[PDB]
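Peer 1: so I've got this experimental structure, pasted below with the sequence.
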Amino acid sequence: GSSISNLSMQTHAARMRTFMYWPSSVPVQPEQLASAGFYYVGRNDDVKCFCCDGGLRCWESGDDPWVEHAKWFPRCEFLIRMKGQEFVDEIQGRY
Ligand SMILES: CCO[C@@H]1C[C@@H]2CN(C(=O)[C@@H](NC(=O)[C@H](C)NC)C3CCC(F)(F)CC3)[C@H](C(=O)N[C@@H]3CCOc4ccccc43)CN2C1
Ligand SMILES: [Zn+2]
């Protein structure tokens, strides 16, 4: 079937609902994370992408979830369709 890792998390609205217990101390906001395909897994500040199942943690002030998505998980289909291969190639070219 579908390549999507977590079908229940395919909508922005559903991803946002997972952030009810997101610690307010974390400098990155639920809106920025959910927009970039991430949902909260309920431990610390751990998030996973609904499409590629890539996990990120230890968010710091000034982190851009889209940039982090492209840095670590460049072949994610959701990332490529939302931001484009040109964006992914640019981020990848920094490393
Ligand atoms: C073999 C290839 O490994 C790459 C490295 C990259 C780092 N990363 C991360 O999440 C990194 N986070 C960041 O870069 C954050 C978003 N900005 C500072 C790590 C930065 C150093 C640290 F010590 F703080 C720990 C977080 C992710 C990560 O550590 N994810 C963990 C491990 C796998 O399981 C989960 C599950 C949920 C959430 C996170 C993770 C994915 N990693 C792949
Ligand atoms: Zn992804």
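Peer 2: Noted; the coordinates are in hand. Residues are numbered from 1 along each chain as shown. Ligands and ions are numbered 1, 2, ... in the order given.
Peer 1: hmm, whichever helix or strand residue 69 is part of touching ligand 1?
Peer 2: Per DSSP states H and E: residue 69 is located in helix 65-72. Yes: interface with ligand 1: helix 65-72 contributes 68, 72 (C-beta under 6 Å from any ligand atom). Every residue, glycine included, has its C-beta placed from N, CA and C.
Peer 1: which parts of the chain sit against ligand 1?
Peer 2: Counting by C-beta under 6 Å from any ligand atom, the chain sits next to ligand 1 at 41, 46, 48, 55, 56, 57, 58, 59, 60, 63, 68, 72.
Peer 1: count the neighbours of the closest residue to the third one other than its chain neighbours for me.
Peer 2: Counting by C-beta to C-beta, 6 or more residues apart in numbering, residue 55 is the residue found nearest to residue 48 once chain neighbours are left out, at 4.8 Å. A count of nearby residues for residue 55, using other C-beta atoms under 10 Å, gives 13.
Peer 1: ok, the one 10 residues further on next?
Peer 2: Counted with other C-beta under 10 Å, the neighbours of residue 65 add up to 21.
Peer 1: can I assume it is in contact with residue 29?
Peer 2: No: the pair residue 65 / residue 29 is not scored as a contact, 9.5 Å apart, by C-beta atoms under 8 Å.
Peer 1: circling back to that earlier point, helices or strands up against the helix holding residue 69?
Peer 2: helix 30-35, strand 55-56, helix 77-83, helix 85-92 (3 or more C-beta pairs under 8 Å, 6 or more residues apart in numbering; DSSP states H and E).
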